[PDB]
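J.: Chains as they are written, first to last, in PDB author numbering: chain C, 1026 to 1074; chain A, 5 to 235.
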Amino acid sequence: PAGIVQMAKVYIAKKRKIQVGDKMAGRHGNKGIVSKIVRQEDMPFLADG
Amino acid sequence: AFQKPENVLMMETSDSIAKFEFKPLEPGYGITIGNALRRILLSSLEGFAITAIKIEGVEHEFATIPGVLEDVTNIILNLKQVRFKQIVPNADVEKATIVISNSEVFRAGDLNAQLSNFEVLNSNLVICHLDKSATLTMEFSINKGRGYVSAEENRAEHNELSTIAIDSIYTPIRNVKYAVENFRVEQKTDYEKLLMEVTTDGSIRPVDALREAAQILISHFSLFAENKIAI
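1. Please report the Cβ distance between A:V76 and A:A112, rounded to the nearest whole angstrom; I am assuming they are in contact, meaning their Cβ atoms lie under 8 Å.
2. Could you check where the beta strand (DSSP E) with A:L199 kicks off and where it finishes?
3. Measure the alpha-carbon distance for A:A234 versus A:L214 and round it to whole angstroms.
4. Three-state secondary structure (DSSP) at A:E216?
5. Work out the CA separation of A:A56 and A:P9 for me, nearest whole Å.
6. To the nearest whole angstrom, what separates the beta carbons of A:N11 and A:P28, a pair I think is in contact under 8 Å?
7. Please report the straight-line C-alpha distance between A:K84 and A:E63, rounded to a whole angstrom.
8. Which residue wins for smallest C-alpha separation from A:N179, given the options A:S47, A:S145, A:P93?
9. Could you please give the first and the last residue of the uninterrupted alpha helix (DSSP H) stretch that includes A:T36?
10. What number of angstroms, rounded off, separates the C-alpha of A:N147 from the C-alpha of C:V1035?
11. On the DSSP letters alone, give me the boundaries of the beta strand (DSSP E) that A:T101 sits inside.
12. Using only CA atoms, which one of A:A229, A:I170, A:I168, A:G149 lies nearest to A:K89?
13. Quick check on A:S107: buried or exposed, where buried means 16 or more other Cβ atoms within 10 Å of its Cβ?
14. Is the beta carbon of residue 241 of chain A sitting closer than 8 Å to the one on A:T141?
15. From which residue to which residue does the beta strand (DSSP E) around A:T139 run?
16. What residues in its chain sit with their C-beta under 6 Å from that of A:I21, if we drop five residues either side in the sequence?
17. When we look at the beta-carbon of C:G1057 and count the other beta-carbons within 10 Å, is it buried (16 or more) or exposed?
18. Quick check: what's the CA-CA separation for A:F66 versus A:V103?
This is how it looks when you write it as C-alpha cells:
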C-alpha cells in the first residue's frame, strides 16, 4: 500500500478439546449440546463389560 | 448363624486374564460384593506413562521433521498409547535418550528400556516410518500416577523453550466382570455362585490389583464401623 512502509504479521494457533457447553450433531437432525461428562464406571454397561 | 463361604478359586488362563469364583453365599449379598469390587478396581488403581518430550530440531507441536513420514503431532499422539511395566519398586521418574540413526521403521520395543529401572510390555507397536536416511533424537520422561491428567496441567515442568508436555492415561486396567447364579441342593437353598473376570494390561497380575482394591475398601469401612465420635 502506497502510504505505508511495511506490514508485519504473526500467526497464533490453538489446540481445542471438548468440554461442557460444546455443541454436537449427527446426520439426521439431532442437534444437541453436551450436558455432563460422566465417569466411565456408572455408565450403563452391557453384559460384556 | 452365618453361612460363611470358603470357596475362593483362581484359574488364570494367562499372565494377564484371570477368573475367580466365590462359593457358597447368602442370597442378595454377592451382587453387593461384586459391584463394590468392580467400581473400586476400575476406578482407582495406579500406573505409569510418558509425559514430556524433547525432539531435536523441532520447537512446537505443529512442526515437521525432514525425512519422517508423520507429523510431530502424530508421534506424540501414538506415544500416548504405549503401556509399560516396572521390574523394580521405588522407581519414581525416569528420563530416556533414544538415538535412532539407521534406515528403519521405528517401533515400540525398539525402545531400548535402557534404564535398568523399568520396561515396556507392548513391543510390537509402530511409532513411525522413517525413510532410508532420517536421523532422529528423542528424550523421554516416564512417571507414575492415577486416573487421568490432561496436558496443560503438565505445563508445570519447565518447557525450557523446547519441552512439549503430552496427555497421560495412567489406568492399569482394561476390563472387569462379575456374574451370579444360584446353586442348590434338593429342598435346601441359598447357594450362590459368583464368577468374576479381570483383564489387565499385563503390568500386574489380577491378584495384586484385586487384593489392593479390597485393602482400600476395608480401610474405609474400618473407621466407619468401630470409631463412633458423637456430636
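Virtual Cβ for every residue (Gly too), placed ideally from N, Cα, C.
T.: Concretely, from the data shown:
1. Mapped onto the second sequence, residue 76 of chain A falls at position 72. Mapped onto the second sequence, residue 112 of chain A falls at position 108. Not really, about 18 Å apart at Cβ, beyond 8 Å.
2. The residue given as residue 199 of chain A occupies position 195 in the second sequence. Where A:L199 is concerned, the enclosing beta strand (DSSP E) stretches over 192-204.
3. As a first step, residue 234 of chain A must be located in the second sequence, where it is residue number 230. As a first step, residue 214 of chain A must be located in the second sequence, where it is residue number 210. Taking the straight line from one Cα to the other gives about 34 Å.
4. Within the second sequence, the letter at position 212 stands for residue 216 of chain A. Helix, per DSSP.
5. Counting from 1 along the second sequence, the entry for residue 9 of chain A is found at position 5. Counting from 1 along the second sequence, the entry for residue 56 of chain A is found at position 52. Their backbone Cα atoms lie some 49 Å apart in a straight line.
6. To locate residue 11 of chain A, count along the second sequence from 1; it is residue 7. To locate residue 28 of chain A, count along the second sequence from 1; it is residue 24. 7 Å between Cβ atoms; contact.
7. Taking the first residue of the second sequence as position 1, residue 84 of chain A is located at position 80. Taking the first residue of the second sequence as position 1, residue 63 of chain A is located at position 59. Going by the C-alpha atoms only, they are around 19 Å apart.
8. Here residue 179 of chain A corresponds to residue number 175 of the second sequence, with the count starting at 1. Of the listed residues, the one whose Cα sits closest to A:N179 is A:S47.
9. For the purposes of this step, residue 36 of chain A is taken as residue 32 along the second sequence, with counting starting at 1. It spans 34-47 - the alpha helix (DSSP H) in which A:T36 sits, taken as one unbroken run.
10. Position 143 of the second sequence, counted from the first residue, corresponds to residue 147 of chain A. Position 10 of the first sequence, counted from the first residue, corresponds to residue 1035 of chain C. So the alpha carbons of these two residues sit roughly 36 Å apart.
11. The residue you call residue 101 of chain A lines up with position 97 of the second sequence. 97-104 is the span of the beta strand (DSSP E), which, as asked, contains A:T101.
12. Reading the second sequence from its first residue, position 85 is the one you call residue 89 of chain A. Checking every option, the nearest Cα to that of A:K89 belongs to A:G149.
13. Within the second sequence, residue 107 of chain A is the residue found at index 103, counting from 1. Exposed, because fewer than 16 other Cβ atoms sit within 10 Å of the Cβ of A:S107.
14. With chain A represented from 5 up to 235, any question about residue 241 of chain A goes unanswered, as that position is not in the structure.
15. Taking the first residue of the second sequence as position 1, residue 139 of chain A is located at position 135. A:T139 -> no beta strand (DSSP E), and no H or E assigned at all.
16. As a first step, residue 21 of chain A must be located in the second sequence, where it is residue number 17. Taken in chain order, the residues that qualify are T203.
17. Taking the first residue of the first sequence as 1, we reach residue 1057 of chain C at position 32. With fewer than 16 Cβ atoms within 10 Å of its Cβ, C:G1057 is classed as exposed.
18. Counting from 1 along the second sequence, the entry for residue 66 of chain A is found at position 62. Counting from 1 along the second sequence, the entry for residue 103 of chain A is found at position 99. So the alpha carbons of these two residues sit roughly 22 Å apart.
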